[PDB]
């Protein structure tokens, strides 16, 4: 905040909704709870400038968890390469994959 | 999905009832038959009759009340918290603010259908 | 088989509407020292059929100044909403079992206000639009009390699931716990279906027939079917909400008989109001809603939030 | 980067507990009473390790404990248990409150015989 | 309006601004902007003439469009980071969206068109509020996210603001439009140094708010909204016009007055970053603002325009109300240059 | 049945093109409520039952409804129609074709880079695998408004009361 | 004395709806803070086991954690059974 | 990102373009504003449900109520303009050029 | 007199009874003679999905007891 009234008065006005690894109702976990926790525990108290380079791996893992972009690419490659071999009559998917 | 089938059936049967209703009768239409009904004479178009700020004000006040109602709908699950005193304080707070909006509209003319 | 379920829900409801026309005419007649339909069939039992047949063979005059797209969309929306309002109703077991059934009904009935906003606008005539605007304002204003009353009553239910109402009312009716909200809810339901002293949009002696002047024969018939389906549905909702019937899982026919009888009683009361009172003025019903019903409804919502907490009588959410 | 290491298919084989949800629910209270050791031990492993692959043998012991629990039900009053879980199976919410008479004679079995 | 209702609406405007400045959460910052706009719209329409209604409508349209763009930027940022904390933006296009939204709220040059019209269309009190208090929230957000702004976009908008404020104000005979174009130029000066030193932005904002408060209170004291109406003020209260002249000279950044401090500090801080061409351009361009300030000073205090016969009536009357803190605002806007090293208190 | 969220989203964008080409405001409102209905369906397919029903009850039956009501009062002598302008047709057609081109490109390429990178590998693919237990996570998160969201309730209620006061200030007309 | 009684008289005679609504709202405001049962409602909400009660490892010196669900340790719902 | 997000962001872009490219009626622009809000609501809801950010489930409610308050304010402004000029045409809102 | 209104009321009563009875009997027919299982929450859905898998006939309502394994 521009004027950190919350940290001076000890009040929690909006910090409780600020991250998904904060305390949740019924302890329901965030989908990327561990990834966010690891990135936050890496980046804590070293400033944003340092945290941008020195916590790049944790933030990359977090971003992959949030938007599974590289996971989607790998799944798309497996799918489209499977079809690339159905046409030629090369690959037969096994019984547990067809029913 | 069962609900989608149900909606499809309802809409389809309503439209089929339209089609029978709006195509089956035998028709014979002339100009004076389909003339707009005005109790035996012709209507005046005039210029944008649906006016008066009161019709718009009731719509706006309904909109704001409906927004507060949207804020009140999660209440049945809100009573299932261990922190019941905070939840009760906030629910009653929202309802006092609803009552205050009603009272302020009431006292400052507001809800009145004036001259 | 589920399609058969949908059909065996829809078709009997339309038949019940058709014979509700006859029942309403006979109740009004006998309250007025006359008989009503007793010539066309035995005790007028073929009269709804005569009306339906005459209407679909009558020339449906469409206005020359009518946007026909919405002119035909409005009856489709009205009838589709009127029919789909029954799919979550817990005659013992619902057709569609949702967590938020009553929320679904609130939303669907709030979408039904478009059928008047579109019919009045489409009919042009520059005057039926004013009646349509009055009807829309009345409808949206009473939606407020419907929503808040439903909210306050359901704080004993614990959820928006309609099947849970049967469990909530196992030992006692919800009327004995919320009768003031029951009276306000019943009058709000009266006002929402444009019935009784609240029939301002179709005042027979105020604006002839209001938003339904230009509609004739077939589309008029479907609008009528939508309104009467909404009447029976609202009375069924009232019976399930306030007069919960005992349920035997091995004999659901008993619950169905109970529910049907109570729904018919409430519908007969709806027709009973029609024969007993003069008509509210538009500003008079708006004053009633905004200055009489709304403050008490807010106070009772407050009371019904406080009550389960201060008595350790909060229901389960499952 | 790196290979996600996976258990083989035969590292994952177990004698299944092949009874339905109503059968499982009918015995659930006595199941919790009698099978707490391996169940709590496996749940401890699962929350401590945050890894399905690290707790497979504990889950395999969970399965065996459930299996022997059910074989103990079978040999003394399989019949009252069968009636109780049938009555539980009828209702669409599998409610306990509609089956107290059958739960009664299931419960006064396991006391006297087990 | 009811005095209680007007006080409540003013307090709600300030509380929306404070919500913007005290929140760590983007949703609450957006809430503060929403609350500020909601309470601000009626104070624009306080007099209620078609000019006031049009000013309020244009203000509402620009501010609501900016608010929706800001929410979209927040949602894109959350989509890529899952973060609600106001900090560096983790997405570049979200950052661009947010920068454009905040500039439109401020009224920077490519989004400046609303400022002159709205300022002209509202009263002098409404304009005083519009050109002083409404700059705080977007500038505070910008100072919070300054480490992730695109310097090229921000500097482009600031330079355009200076140029357009200089050129647009050259053509004005209306005092409210002159104030609006001066405000555009000063916003450009504020936002040019924002990528480099937010303390300089805060300093320039404080100095500008002091000068604008002094000038608007002098205008309200004079009841003048056109340059010719102000040209009658010498024949009624020449002290007001002389004070206005020294204030206008301060606005032009003439040493040794207080208005020279922000320009001098910003030029120094920019040259510290190998920025020499842009400060030279900015200082040279500000001569336009100084030109139409000097035109106003010529018409108001340094020369005496023809008066009217009906002015003798006004001589026998005093002001019913007195502008609060106006002497302090005048002294602060002109005489504070020897106190410059105190700027480090803003660190 | 395999793709449901994609038809819903394409129809959503089509309705957006329809009402944002700006025919007479009654048809724009019709397009907006069609878009709102299909979007409520979209979030219903994602497990957001309460949120979608909120869309319905408050947006389509509230805010819209009020919008169409107010259009029915402040309109043209002959309230306009879609066809009356070639500009409406041009805008709608350009929007529809830019929808079709980009959905075809994304479907057959799965690596479009219009501002953002996109991959139409599916929409079910991103769903996570787990049990939510005996409650709706959405309802628990929203019911936390009264326990966790005290500040949010305070500011929203104040803004709504201020909204009533503000509307009554502006519309008085003096 | 007579002033407030007369005001209540006039309100009851001319606006009974507002009198009833304000009394009901006031009781809804006031009564929960005096109820012995509000704490009971809090306790009932606390005793509802939505989540799994994931166990702990007894490192020794855990004499108050049960071991078994039917050990004389850990909270008891006997109070709820009779309420 | 999945293609639903693509279409939702596309809807926001179309609503933004429709609002920025004006026509005669003010109500059409207000409807474009409403479309922008609706697309924001759906995008927020999808992001919040997908990542199971449970406490952020309430954020779409707040967005909806605040944007509807702004819509009420804009409707009142339109009504005042129409009472001035008999229409909501934006070309009548040009007397501040001088 | 008034009891001649009863025929129309009886027709209405039959028409209103048909939906509930039909729903109950269809639910019994398509769910193995038992009530249609209710899954308001993901735990109940998972119960039914487990029930379908172990039935061997891809029907959740075919209940395997202690006769299946033990």
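First chain written, first letter: the chains are A, B, C, D, E, F, G, H and I, and each begins at residue 1.
We take it that contacts are C-beta pairs under 8 Å (C-beta built on N, C-alpha and C of every residue); 3 or more make two chains touch, one makes a residue touch a chain.
Peer 1: What's the overlap between the neighbours of chain C and those of chain F?
Peer 2: Where chain C and chain F share a partner, that partner set is B, G, I.
Peer 1: If you walk touching chains, what's the least steps from chain G to chain H?
Peer 2: Counted as steps through touching chains, the separation is 2.
Peer 1: If you tally the C-beta contacts, which comes out ahead, B-F or E-F?
Peer 2: B-F
Peer 1: Roughly how far is chain H from chain I, centre to centre by C-alpha average, rounded to an integer in Å?
Peer 2: Centres of chain H and chain I (C-alpha means) sit 45 Å apart.
Peer 1: In whole angstrom, what separates the CA-based centres of chain F and chain H?
Peer 2: Result: the chain centres lie 9 Å from each other.
Peer 1: Between chain A and chain E, what distance separates the C-alpha centroids? Give it in angstrom.
Peer 2: Distance between chain centres: 42 Å.
Peer 1: Taking each residue of chain E in turn, which ones touch at least two of the other chains?
Peer 2: 27-28, 31, 34, 38, 41, 45, 56, 79, 82, 84
Peer 1: Could you pull out the residues of chain D that touch at least 2 other chains?
Peer 2: Answer for chain D, listing residues that touch two or more other chains: 90-92.
Peer 1: Mind pulling the chain I residues that touch 2 or more other chains?
Peer 2: Residue numbers touching two or more other chains: 35-36, 38, 41.
Peer 1: Which chain pairs here would you call touching?
Peer 2: Every pair of chains in contact is listed here: A-E, A-F, A-G, A-H, B-C, B-F, B-G, B-H, C-D, C-F, C-G, C-I, D-G, D-I, E-F, E-H, F-G, F-H, F-I.
Peer 1: If we count contacts the way the header does, which residues on chain F are in touch with chain E in the complex?
Peer 2: 115-116, 151-152, 155-156, 158-159, 162-163, 165-166, 169-170, 173-174
Peer 1: Going by the contact rule at the top, pick out the chain E residues touching chain H in the complex.
Peer 2: For this pair, the touching residues of chain E are 27, 30-31, 34, 37-38, 41, 45, 50-51, 53-58, 60-61, 64-65, 67-69, 71-72, 75-76, 78-79, 82, 84, 117-118, 120-121.
Peer 1: Using the touch rule from the top, collect the residues of chain D that touch chain I in their complex.
Peer 2: It comes out as residues 15-23, 67, 70-71, 73-74, 78, 81-82, 85-86, 89-94.
Peer 1: Note which residues of chain A are touching chain E in the complex, please.
Peer 2: Where chain A meets chain E, its residues are 1-6, 13-15, 17-20, 32, 36, 48, 52, 62-63, 66-67.
Peer 1: Which residues, counting only chain D, touch chain G once they are in their complex?
Peer 2: Per the stated touch rule, the residues are 32-33, 36, 40, 43-44, 47-48.
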